[PDB]
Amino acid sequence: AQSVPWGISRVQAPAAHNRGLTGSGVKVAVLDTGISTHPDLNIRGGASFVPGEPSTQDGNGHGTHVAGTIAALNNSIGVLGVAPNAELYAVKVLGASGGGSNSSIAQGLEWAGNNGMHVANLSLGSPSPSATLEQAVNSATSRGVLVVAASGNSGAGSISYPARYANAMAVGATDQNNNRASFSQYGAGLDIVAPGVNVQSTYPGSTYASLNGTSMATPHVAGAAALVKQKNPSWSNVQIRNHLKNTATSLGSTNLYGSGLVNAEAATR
């Protein structure tokens, strides 16, 4: 039996699926710890930029979990993605420990741009600015990729990098009451928020797990961007970004919530 995780329902993705929008034909790169083969996922390709981890399989679990929130398959098992027909690419920029380098992350972004990805999901952060990261984000953006990044889980009033760079869309996390999750970083640069508490998704070993974090929120937004691109094939990264903010459900102060809660229904109206 297939279950619909609460956050998928909260961003109203099934309404968009009922309009026939499922992310078909949209290329989405997951820059993370990899993505493992899973009965509820379809991986179309990928690349690794971790020294000594030449495969794209996931030795951590984080990347597989993030991938399922974007595109777990619509079928008789498991869970369901915001964009269950999106084309998933596994771009390994983090090692099994969950950490990587600004150089691997930047290589991943360059790969996404060079390979015509439409959306790049970065459920990761670096605590400090890096000109290398910034130029990579800028480069991918100028080639046409929409970069979506997590605000981070320290609870502080400033957001992590590369989410804090202007050309990266910054996503924070809400809970089931549509309040900001205590850990979700906020402040200058925050664009939008999405469910990030008790998020069930796909996990290595053909299983499912629940996790918390802005890493879990971010793929809700990447998924929604995929639905908007299927409806509006000519739209640029910038148009998609602005339309998501414009159609989000306001939750209050932009400092804490950016435009508010991503709404897949209102954005594909």
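The first residue of the shown sequence is 1; numbering continues from there.
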Using only the Cα atoms and their B-factors as the entry lists them, report which of 29-37 and 43-51 averages higher. 43-51
Once you work out the mean C-alpha B-factor for both 127-135 and 67-75 from the entry, which is higher? 127-135
The largest CA temperature factor among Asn121, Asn85, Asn167, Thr174 is found at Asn167
In the PDB entry, which of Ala163, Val91, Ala194, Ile105 has its C-alpha at the highest B-factor? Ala163
Temperature factor at the Cα of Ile8, chain-ranked in thirds, falls in the lowest
So, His243's CA B-factor, relative to its chain, sits in which third? The lowest
Can you work out whether the C-alpha temperature factor of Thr249 puts it in the lowest, middle or highest third of the chain? lowest
Assigned third (lowest, middle, highest) for the C-alpha B factor of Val199: lowest
Among all modelled residues of this chain, ranked by Cα B factor, put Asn212 in the bottom, middle or top third, i.e. lowest, middle or highest. lowest
